[PDB]
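Source file: target-v8.pdb. Holds: PDB, C-alpha atoms.
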ATOM      1  CA  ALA A   1       0.000   0.000   0.000  1.00  0.00           C
ATOM      2  CA  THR A   2       0.980   3.560  -0.663  1.00  0.00           C
ATOM      3  CA  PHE A   3       0.685   6.285   1.977  1.00  0.00           C
ATOM      4  CA  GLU A   4       1.211   9.905   1.070  1.00  0.00           C
ATOM      5  CA  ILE A   5       2.104  11.936   4.150  1.00  0.00           C
ATOM      6  CA  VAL A   6       1.542  15.673   3.719  1.00  0.00           C
ATOM      7  CA  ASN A   7       2.518  18.473   6.060  1.00  0.00           C
ATOM      8  CA  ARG A   8       0.050  21.334   5.649  1.00  0.00           C
ATOM      9  CA  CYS A   9       1.156  22.859   8.985  1.00  0.00           C
ATOM     10  CA  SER A  10       2.958  26.206   8.901  1.00  0.00           C
ATOM     11  CA  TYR A  11       5.745  24.626  10.950  1.00  0.00           C
ATOM     12  CA  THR A  12       8.151  21.769  10.218  1.00  0.00           C
ATOM     13  CA  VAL A  13       7.236  18.314  11.488  1.00  0.00           C
ATOM     14  CA  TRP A  14       9.199  15.088  11.511  1.00  0.00           C
ATOM     15  CA  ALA A  15       6.891  12.349  10.301  1.00  0.00           C
ATOM     16  CA  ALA A  16       7.280   8.856  11.713  1.00  0.00           C
ATOM     17  CA  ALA A  17       5.983   5.453  10.636  1.00  0.00           C
ATOM     18  CA  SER A  18       6.410   2.237  12.627  1.00  0.00           C
ATOM     19  CA  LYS A  19       4.706  -1.013  13.536  1.00  0.00           C
ATOM     20  CA  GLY A  20       6.267  -1.042  16.991  1.00  0.00           C
ATOM     21  CA  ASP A  21       9.117  -3.474  16.427  1.00  0.00           C
ATOM     22  CA  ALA A  22      10.241  -2.144  13.051  1.00  0.00           C
ATOM     23  CA  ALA A  23      10.233   0.915  10.838  1.00  0.00           C
ATOM     24  CA  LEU A  24       7.729   1.194   8.016  1.00  0.00           C
ATOM     25  CA  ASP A  25       9.642   2.272   4.913  1.00  0.00           C
ATOM     26  CA  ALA A  26      12.397   4.663   6.061  1.00  0.00           C
ATOM     27  CA  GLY A  27      10.657   5.143   9.431  1.00  0.00           C
ATOM     28  CA  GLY A  28      10.906   8.921   9.563  1.00  0.00           C
ATOM     29  CA  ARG A  29      11.660  12.093   7.672  1.00  0.00           C
ATOM     30  CA  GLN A  30      11.640  15.848   8.002  1.00  0.00           C
ATOM     31  CA  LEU A  31       8.667  17.541   6.311  1.00  0.00           C
ATOM     32  CA  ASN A  32       8.846  21.275   5.869  1.00  0.00           C
ATOM     33  CA  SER A  33       5.588  23.152   5.444  1.00  0.00           C
ATOM     34  CA  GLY A  34       3.914  21.904   2.275  1.00  0.00           C
ATOM     35  CA  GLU A  35       6.154  18.874   1.716  1.00  0.00           C
ATOM     36  CA  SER A  36       4.849  15.412   0.851  1.00  0.00           C
ATOM     37  CA  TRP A  37       6.466  12.055   1.596  1.00  0.00           C
ATOM     38  CA  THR A  38       5.331   8.892  -0.154  1.00  0.00           C
ATOM     39  CA  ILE A  39       5.969   5.596   1.604  1.00  0.00           C
ATOM     40  CA  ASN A  40       5.251   1.979   0.798  1.00  0.00           C
ATOM     41  CA  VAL A  41       3.775  -0.233   3.494  1.00  0.00           C
ATOM     42  CA  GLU A  42       3.830  -4.003   3.022  1.00  0.00           C
ATOM     43  CA  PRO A  43       0.460  -5.717   2.558  1.00  0.00           C
ATOM     44  CA  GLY A  44      -0.691  -7.528   5.681  1.00  0.00           C
ATOM     45  CA  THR A  45       0.901  -5.002   8.022  1.00  0.00           C
ATOM     46  CA  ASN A  46      -0.885  -5.198  11.352  1.00  0.00           C
ATOM     47  CA  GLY A  47      -0.760  -2.447  13.946  1.00  0.00           C
ATOM     48  CA  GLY A  48       1.025   0.232  11.942  1.00  0.00           C
ATOM     49  CA  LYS A  49       1.028   3.844  13.122  1.00  0.00           C
ATOM     50  CA  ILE A  50       1.935   7.198  11.591  1.00  0.00           C
ATOM     51  CA  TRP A  51       2.464  10.325  13.675  1.00  0.00           C
ATOM     52  CA  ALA A  52       4.137  13.732  13.656  1.00  0.00           C
ATOM     53  CA  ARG A  53       6.976  14.841  15.907  1.00  0.00           C
ATOM     54  CA  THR A  54       7.566  18.483  16.770  1.00  0.00           C
ATOM     55  CA  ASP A  55      10.606  20.567  17.718  1.00  0.00           C
ATOM     56  CA  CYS A  56      13.263  18.034  16.800  1.00  0.00           C
ATOM     57  CA  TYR A  57      17.050  18.355  16.666  1.00  0.00           C
ATOM     58  CA  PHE A  58      19.036  15.651  14.855  1.00  0.00           C
ATOM     59  CA  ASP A  59      22.732  15.406  14.113  1.00  0.00           C
ATOM     60  CA  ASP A  60      24.235  14.081  10.872  1.00  0.00           C
ATOM     61  CA  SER A  61      23.901  10.492  12.120  1.00  0.00           C
ATOM     62  CA  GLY A  62      20.133  10.758  12.629  1.00  0.00           C
ATOM     63  CA  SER A  63      20.351  10.900  16.422  1.00  0.00           C
ATOM     64  CA  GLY A  64      18.728  13.557  18.589  1.00  0.00           C
ATOM     65  CA  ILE A  65      15.544  14.510  20.352  1.00  0.00           C
ATOM     66  CA  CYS A  66      11.996  15.775  19.756  1.00  0.00           C
ATOM     67  CA  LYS A  67       9.618  17.497  22.176  1.00  0.00           C
ATOM     68  CA  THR A  68       6.656  15.375  21.143  1.00  0.00           C
ATOM     69  CA  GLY A  69       6.620  11.887  19.712  1.00  0.00           C
ATOM     70  CA  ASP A  70      10.305  11.087  20.196  1.00  0.00           C
ATOM     71  CA  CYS A  71      11.107   7.473  19.274  1.00  0.00           C
ATOM     72  CA  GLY A  72      14.218   6.729  21.304  1.00  0.00           C
ATOM     73  CA  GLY A  73      16.126   9.669  19.863  1.00  0.00           C
ATOM     74  CA  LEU A  74      16.143   8.473  16.245  1.00  0.00           C
ATOM     75  CA  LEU A  75      15.172  10.268  13.060  1.00  0.00           C
ATOM     76  CA  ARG A  76      14.161   6.957  11.489  1.00  0.00           C
ATOM     77  CA  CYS A  77      11.764   5.397  14.006  1.00  0.00           C
ATOM     78  CA  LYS A  78      11.803   1.685  14.716  1.00  0.00           C
ATOM     79  CA  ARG A  79       9.546   1.944  17.762  1.00  0.00           C
ATOM     80  CA  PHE A  80       6.507   3.994  18.774  1.00  0.00           C
ATOM     81  CA  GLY A  81       6.838   7.572  19.973  1.00  0.00           C
ATOM     82  CA  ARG A  82       6.567   9.242  23.346  1.00  0.00           C
ATOM     83  CA  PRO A  83       3.184  10.850  24.092  1.00  0.00           C
ATOM     84  CA  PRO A  84       1.592  13.194  23.362  1.00  0.00           C
ATOM     85  CA  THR A  85       1.014  11.955  19.818  1.00  0.00           C
ATOM     86  CA  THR A  86      -2.073  12.113  17.625  1.00  0.00           C
ATOM     87  CA  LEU A  87      -2.077   8.674  15.968  1.00  0.00           C
ATOM     88  CA  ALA A  88      -3.079   7.422  12.550  1.00  0.00           C
ATOM     89  CA  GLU A  89      -3.539   3.655  13.042  1.00  0.00           C
ATOM     90  CA  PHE A  90      -4.013   0.929  10.482  1.00  0.00           C
ATOM     91  CA  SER A  91      -4.107  -2.778   9.869  1.00  0.00           C
ATOM     92  CA  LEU A  92      -3.999  -3.868   6.236  1.00  0.00           C
ATOM     93  CA  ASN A  93      -5.343  -6.926   4.420  1.00  0.00           C
ATOM     94  CA  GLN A  94      -7.020  -8.467   7.433  1.00  0.00           C
ATOM     95  CA  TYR A  95      -9.261 -11.137   5.942  1.00  0.00           C
ATOM     96  CA  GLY A  96      -9.875  -9.003   2.871  1.00  0.00           C
ATOM     97  CA  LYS A  97     -10.318  -5.619   4.545  1.00  0.00           C
ATOM     98  CA  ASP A  98      -8.248  -2.660   5.722  1.00  0.00           C
ATOM     99  CA  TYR A  99      -9.011  -1.000   9.067  1.00  0.00           C
ATOM    100  CA  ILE A 100      -8.090   2.607   9.818  1.00  0.00           C
ATOM    101  CA  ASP A 101      -8.653   5.013  12.698  1.00  0.00           C
ATOM    102  CA  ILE A 102      -7.360   8.093  14.441  1.00  0.00           C
ATOM    103  CA  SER A 103      -6.627   7.805  18.150  1.00  0.00           C
ATOM    104  CA  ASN A 104      -6.160  10.267  21.010  1.00  0.00           C
ATOM    105  CA  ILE A 105      -5.467   7.455  23.493  1.00  0.00           C
ATOM    106  CA  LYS A 106      -1.813   8.589  23.613  1.00  0.00           C
ATOM    107  CA  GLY A 107      -2.746  12.267  23.610  1.00  0.00           C
ATOM    108  CA  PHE A 108      -2.719  14.906  20.894  1.00  0.00           C
ATOM    109  CA  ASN A 109       0.051  17.030  19.410  1.00  0.00           C
ATOM    110  CA  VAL A 110      -0.842  17.889  15.788  1.00  0.00           C
ATOM    111  CA  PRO A 111      -4.227  17.936  14.008  1.00  0.00           C
ATOM    112  CA  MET A 112      -4.709  15.195  11.439  1.00  0.00           C
ATOM    113  CA  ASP A 113      -6.812  13.922   8.553  1.00  0.00           C
ATOM    114  CA  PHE A 114      -6.503  10.248   7.540  1.00  0.00           C
ATOM    115  CA  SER A 115      -8.277   9.468   4.267  1.00  0.00           C
ATOM    116  CA  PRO A 116      -8.242   6.852   1.526  1.00  0.00           C
ATOM    117  CA  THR A 117      -7.042   7.979  -1.913  1.00  0.00           C
ATOM    118  CA  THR A 118      -8.843   5.042  -3.516  1.00  0.00           C
ATOM    119  CA  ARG A 119     -12.604   4.414  -3.490  1.00  0.00           C
ATOM    120  CA  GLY A 120     -14.741   2.417  -1.078  1.00  0.00           C
ATOM    121  CA  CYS A 121     -14.691   4.146   2.313  1.00  0.00           C
ATOM    122  CA  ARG A 122     -14.572   7.485   4.109  1.00  0.00           C
ATOM    123  CA  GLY A 123     -11.788   9.237   5.969  1.00  0.00           C
ATOM    124  CA  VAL A 124     -11.559  10.430   9.551  1.00  0.00           C
ATOM    125  CA  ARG A 125     -10.263  13.661  11.018  1.00  0.00           C
ATOM    126  CA  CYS A 126      -9.309  15.252  14.319  1.00  0.00           C
ATOM    127  CA  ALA A 127      -8.614  18.915  13.641  1.00  0.00           C
ATOM    128  CA  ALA A 128      -9.923  20.794  16.664  1.00  0.00           C
ATOM    129  CA  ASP A 129      -7.659  23.001  18.791  1.00  0.00           C
ATOM    130  CA  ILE A 130      -7.070  20.389  21.453  1.00  0.00           C
ATOM    131  CA  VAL A 131      -3.760  21.902  22.544  1.00  0.00           C
ATOM    132  CA  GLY A 132      -5.302  25.356  23.097  1.00  0.00           C
ATOM    133  CA  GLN A 133      -8.254  23.981  25.052  1.00  0.00           C
ATOM    134  CA  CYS A 134      -6.282  21.280  26.923  1.00  0.00           C
ATOM    135  CA  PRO A 135      -7.149  20.937  30.637  1.00  0.00           C
ATOM    136  CA  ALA A 136      -4.385  22.344  32.836  1.00  0.00           C
ATOM    137  CA  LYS A 137      -3.406  19.003  34.345  1.00  0.00           C
ATOM    138  CA  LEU A 138      -2.962  17.405  30.896  1.00  0.00           C
ATOM    139  CA  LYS A 139      -0.868  20.140  29.302  1.00  0.00           C
ATOM    140  CA  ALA A 140       2.588  18.996  28.226  1.00  0.00           C
ATOM    141  CA  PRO A 141       5.383  21.591  28.691  1.00  0.00           C
ATOM    142  CA  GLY A 142       7.140  20.624  25.467  1.00  0.00           C
ATOM    143  CA  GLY A 143       3.833  21.030  23.701  1.00  0.00           C
ATOM    144  CA  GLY A 144       0.730  18.945  23.223  1.00  0.00           C
ATOM    145  CA  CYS A 145      -2.055  17.577  25.376  1.00  0.00           C
ATOM    146  CA  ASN A 146      -1.358  14.348  27.242  1.00  0.00           C
ATOM    147  CA  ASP A 147      -3.867  11.594  27.788  1.00  0.00           C
ATOM    148  CA  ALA A 148      -4.847  10.881  31.396  1.00  0.00           C
ATOM    149  CA  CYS A 149      -3.200   7.438  31.478  1.00  0.00           C
ATOM    150  CA  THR A 150       0.195   8.926  30.642  1.00  0.00           C
ATOM    151  CA  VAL A 151      -0.204  11.610  33.315  1.00  0.00           C
ATOM    152  CA  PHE A 152      -1.800   9.746  36.238  1.00  0.00           C
ATOM    153  CA  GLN A 153      -1.003   6.045  35.654  1.00  0.00           C
ATOM    154  CA  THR A 154      -4.204   4.658  37.197  1.00  0.00           C
ATOM    155  CA  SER A 155      -6.026   1.453  36.344  1.00  0.00           C
ATOM    156  CA  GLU A 156      -9.102   3.484  35.380  1.00  0.00           C
ATOM    157  CA  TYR A 157      -7.380   5.807  32.882  1.00  0.00           C
ATOM    158  CA  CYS A 158      -5.160   3.061  31.461  1.00  0.00           C
ATOM    159  CA  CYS A 159      -7.985   0.477  31.454  1.00  0.00           C
ATOM    160  CA  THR A 160      -5.566  -2.030  32.921  1.00  0.00           C
ATOM    161  CA  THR A 161      -8.179  -4.533  34.143  1.00  0.00           C
ATOM    162  CA  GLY A 162     -10.037  -4.459  30.830  1.00  0.00           C
ATOM    163  CA  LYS A 163     -12.866  -2.679  32.568  1.00  0.00           C
ATOM    164  CA  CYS A 164     -13.003   1.078  32.632  1.00  0.00           C
ATOM    165  CA  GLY A 165     -15.431   3.829  31.766  1.00  0.00           C
ATOM    166  CA  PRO A 166     -15.188   7.235  30.144  1.00  0.00           C
ATOM    167  CA  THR A 167     -13.721   9.927  32.373  1.00  0.00           C
ATOM    168  CA  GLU A 168     -13.755  13.717  32.581  1.00  0.00           C
ATOM    169  CA  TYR A 169     -10.468  13.672  30.683  1.00  0.00           C
ATOM    170  CA  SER A 170     -11.538  11.243  27.949  1.00  0.00           C
ATOM    171  CA  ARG A 171     -14.761  13.200  27.438  1.00  0.00           C
ATOM    172  CA  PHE A 172     -12.684  16.313  26.723  1.00  0.00           C
ATOM    173  CA  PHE A 173     -10.947  14.606  23.790  1.00  0.00           C
ATOM    174  CA  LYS A 174     -14.236  13.081  22.617  1.00  0.00           C
ATOM    175  CA  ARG A 175     -16.076  16.412  22.668  1.00  0.00           C
ATOM    176  CA  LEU A 176     -13.468  18.064  20.454  1.00  0.00           C
ATOM    177  CA  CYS A 177     -12.884  15.017  18.215  1.00  0.00           C
ATOM    178  CA  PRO A 178     -15.815  12.593  18.169  1.00  0.00           C
ATOM    179  CA  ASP A 179     -14.330  10.526  15.356  1.00  0.00           C
ATOM    180  CA  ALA A 180     -11.152   9.605  17.264  1.00  0.00           C
ATOM    181  CA  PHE A 181     -10.670   7.047  20.044  1.00  0.00           C
ATOM    182  CA  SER A 182     -10.664   8.865  23.396  1.00  0.00           C
ATOM    183  CA  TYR A 183      -9.989   5.937  25.756  1.00  0.00           C
ATOM    184  CA  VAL A 184      -9.261   2.233  25.398  1.00  0.00           C
ATOM    185  CA  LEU A 185     -12.870   1.000  25.509  1.00  0.00           C
ATOM    186  CA  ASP A 186     -14.397   3.845  23.544  1.00  0.00           C
ATOM    187  CA  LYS A 187     -17.092   2.862  21.056  1.00  0.00           C
ATOM    188  CA  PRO A 188     -14.954   2.075  18.002  1.00  0.00           C
ATOM    189  CA  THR A 189     -14.549   4.764  15.358  1.00  0.00           C
ATOM    190  CA  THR A 190     -12.656   2.393  13.088  1.00  0.00           C
ATOM    191  CA  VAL A 191     -13.374   2.635   9.370  1.00  0.00           C
ATOM    192  CA  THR A 192     -13.459  -0.467   7.194  1.00  0.00           C
ATOM    193  CA  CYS A 193     -11.908  -0.038   3.741  1.00  0.00           C
ATOM    194  CA  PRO A 194     -11.391  -2.451   0.850  1.00  0.00           C
ATOM    195  CA  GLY A 195      -8.232  -4.529   1.248  1.00  0.00           C
ATOM    196  CA  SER A 196      -5.193  -2.947  -0.440  1.00  0.00           C
ATOM    197  CA  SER A 197      -6.521   0.618  -0.385  1.00  0.00           C
ATOM    198  CA  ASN A 198      -4.101   3.565  -0.539  1.00  0.00           C
ATOM    199  CA  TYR A 199      -4.128   6.510   1.847  1.00  0.00           C
ATOM    200  CA  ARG A 200      -3.148  10.075   2.600  1.00  0.00           C
ATOM    201  CA  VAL A 201      -2.289  11.399   6.051  1.00  0.00           C
ATOM    202  CA  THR A 202      -2.444  15.201   6.215  1.00  0.00           C
ATOM    203  CA  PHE A 203      -1.086  17.137   9.175  1.00  0.00           C
ATOM    204  CA  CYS A 204      -2.976  20.393   9.871  1.00  0.00           C
ATOM    205  CA  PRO A 205      -5.676  19.674   7.284  1.00  0.00           C
ATOM    206  CA  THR A 206      -7.562  22.925   7.892  1.00  0.00           C
ATOM    207  CA  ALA A 207      -4.424  25.097   7.787  1.00  0.00           C
TER     208      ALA A 207
END

Once more with this new file: its structure as C-alpha cells, please.
Amino acid sequence: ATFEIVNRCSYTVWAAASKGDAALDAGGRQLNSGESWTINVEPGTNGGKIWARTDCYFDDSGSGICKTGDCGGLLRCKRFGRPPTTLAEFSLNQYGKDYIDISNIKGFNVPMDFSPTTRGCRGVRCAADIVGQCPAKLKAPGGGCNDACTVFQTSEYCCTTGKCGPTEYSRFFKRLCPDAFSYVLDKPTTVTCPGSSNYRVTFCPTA
C-alpha cells in the first residue's frame, strides 16, 4: 500500500511510521511546510502507526531529540513515539479488509486527517484546537495535550483490568474530536476499507 504523508502545517514536522518493532519504509523524515512524503507499506501489516513529531534536533547520524513523539532519539523510528502523539492507526489486508482510525489514546500534538485515496470508504479527522483547550493538568510543557493514562497512571485511565469507563479527561478529547478514540474502551470509530486501499495522512488539514 501507498501512503502519502503531507505536512500542511505552517511549521516543520518530523513524520514517523512504525509497527512497533520495526520501521515502516524509512521510518521517519523531516517535512517542511507543504512537503509530501510517499511511503510503501507491506500488505498484511498489522498495527502500523503514523504520527508527527515536533521541535526536533538531529545530528548528521540521525540521532537527537523531539519534544513530542520522540522514538528513542532516532530520526528513522523503529519503535513507537513518546506521548503526546495524535495517531493514525491501520491494519492492512485483514481477511480481505483494511481498518483505519485516528486515536487520542496517547494524547494529541498535531491535528490530522486520515483518508483513503482510492474508493470504497470514508476518511476520519481530528482537527480541533485540542492543545489550546487542553485541561491544565494534561498540558505537556514541550507542547501537546497528554492523555490521562500517561499523566496519572491509574487502572481506570489506562484500562488495565479491561474494565473502565469514560472519564472527565476522555470526554474532553471526545467532545473536540468525536471521530477519534478517546480511551481504550471507547465505542470504536474504526473505518473499514477495501483490502489494499491507498491513503493520505495530512497534518494540519484545515491550515

Do you know which residues the PyMOL selection byres ((chain A and resi 157) around 10) returns on this file, as a ChimeraX atom specification?
-> /A:105,147-156,158-160,164-167,169-170,183-184

Carefully work through the PyMOL selection byres ((chain A and resi 57) around 10) for this structure and note down the residues it includes, as a PyMOL selection string.
-> chain A and resi 14+54-56+58-59+62-67+73-75

Using the chain letters and numbers from the file, give me the residues hit by the PyMOL selection byres ((chain A and resi 98) around 8), as a list in words.
->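 Listing what the PyMOL selection byres ((chain A and resi 98) around 8) selects in the shown file: residues 90, 91, 92, 93, 94, 96, 97, 99, 100, 192, 193, 194, 195, 196 and 197 of chain A.
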
Could you check which of A:40, A:86, A:206, A:198 is closest to residue 121 (chain A), using only C-alpha atoms?
-> A:198

Name all residues at most 12 Å from residue 205 (chain A) (count all atoms listed in the file; drop same-chain ones fewer than 2 positions away) and give them as a PyMOL selection string.
-> chain A and resi 5-10+33-34+110-115+124-128+200-203+207

Measuring atom to atom with all atoms listed in the file, identify which of A:48, A:120, A:144, A:20 is nearest to residue 72 (chain A).
-> A:20

Output as JSON the centre and edge lengths (Å, one decimal) of the box along x, y and z of the file that holds every listed atom of region 24-35 of chain A after adding 3 Å on each side.
{"center_x": 8.2, "center_y": 12.2, "center_z": 5.6, "size_x": 14.5, "size_y": 28.0, "size_z": 13.8}

Within 10 Å of residue 133 (chain A), counting all atoms listed in the file, which residues show up once you throw out same-chain ones fewer than 3 positions away? Write them as a list in words, please.
->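 What passes the distance filter is residues 128, 129, 130, 136, 139, 145, 172, 173 and 176 of chain A.
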
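CA of residue 22 (chain A) lies 27.1 Å from CA of residue 162 (chain A).
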
Closest to residue 27 (chain A) among A:134, A:87, A:185, A:71, using all atoms listed in the file?
->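 Checking each of A:134, A:87, A:185, A:71 against residue 27 (chain A), counting all atoms listed in the file, the winner is A:71.
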
Check the smallest atom-to-atom distance from each of A:122, A:106, A:171, A:29 to residue 80 (chain A) using only C-alpha atoms, then report the winner.
-> A:106

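Counting all atoms listed in the file and comparing A:43, A:178, A:123, A:84, the residue that lies closest to residue 138 (chain A) is A:84.
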
Please rebuild region 140-157 of chain A with N, CA and C atoms and return the result as a short mmCIF file (atom, residue, chain, number, x, y, z; two decimals), in the coordinates of the input.
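And here's out_24.cif as it stands now:
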data_model
loop_
_atom_site.label_atom_id
_atom_site.label_comp_id
_atom_site.auth_asym_id
_atom_site.auth_seq_id
_atom_site.Cartn_x
_atom_site.Cartn_y
_atom_site.Cartn_z
N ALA A 140 1.18 19.38 28.26
CA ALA A 140 2.59 19.00 28.23
C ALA A 140 3.45 20.23 27.98
N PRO A 141 4.50 20.43 28.79
CA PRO A 141 5.38 21.59 28.69
C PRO A 141 6.03 21.74 27.32
N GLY A 142 6.47 20.62 26.76
CA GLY A 142 7.14 20.62 25.47
C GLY A 142 6.16 20.85 24.34
N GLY A 143 4.87 20.84 24.68
CA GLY A 143 3.83 21.03 23.70
C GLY A 143 2.91 19.83 23.73
N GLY A 144 1.66 20.04 23.33
CA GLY A 144 0.73 18.94 23.22
C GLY A 144 -0.16 18.80 24.44
N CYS A 145 -1.07 17.85 24.33
CA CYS A 145 -2.06 17.58 25.38
C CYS A 145 -2.00 16.09 25.67
N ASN A 146 -1.50 15.74 26.85
CA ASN A 146 -1.36 14.35 27.24
C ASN A 146 -2.70 13.70 27.49
N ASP A 147 -2.75 12.39 27.28
CA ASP A 147 -3.87 11.59 27.79
C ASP A 147 -3.73 11.37 29.30
N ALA A 148 -4.85 11.05 29.94
CA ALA A 148 -4.85 10.88 31.40
C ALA A 148 -4.08 9.65 31.89
N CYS A 149 -3.98 8.61 31.07
CA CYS A 149 -3.20 7.44 31.48
C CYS A 149 -1.72 7.80 31.60
N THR A 150 -1.18 8.46 30.58
CA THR A 150 0.20 8.93 30.64
C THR A 150 0.47 9.77 31.88
N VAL A 151 -0.45 10.68 32.21
CA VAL A 151 -0.20 11.61 33.32
C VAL A 151 -0.36 10.94 34.68
N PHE A 152 -1.45 10.20 34.88
CA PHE A 152 -1.80 9.75 36.24
C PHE A 152 -1.53 8.28 36.53
N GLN A 153 -1.38 7.46 35.49
CA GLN A 153 -1.00 6.04 35.65
C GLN A 153 -1.93 5.29 36.62
N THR A 154 -3.24 5.43 36.41
CA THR A 154 -4.20 4.66 37.20
C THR A 154 -4.83 3.55 36.37
N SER A 155 -5.34 2.53 37.04
CA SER A 155 -6.03 1.45 36.34
C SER A 155 -7.19 1.99 35.51
N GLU A 156 -7.92 2.97 36.06
CA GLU A 156 -9.10 3.48 35.38
C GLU A 156 -8.75 4.21 34.08
N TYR A 157 -7.74 5.08 34.11
CA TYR A 157 -7.38 5.81 32.88
C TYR A 157 -6.70 4.90 31.86
#
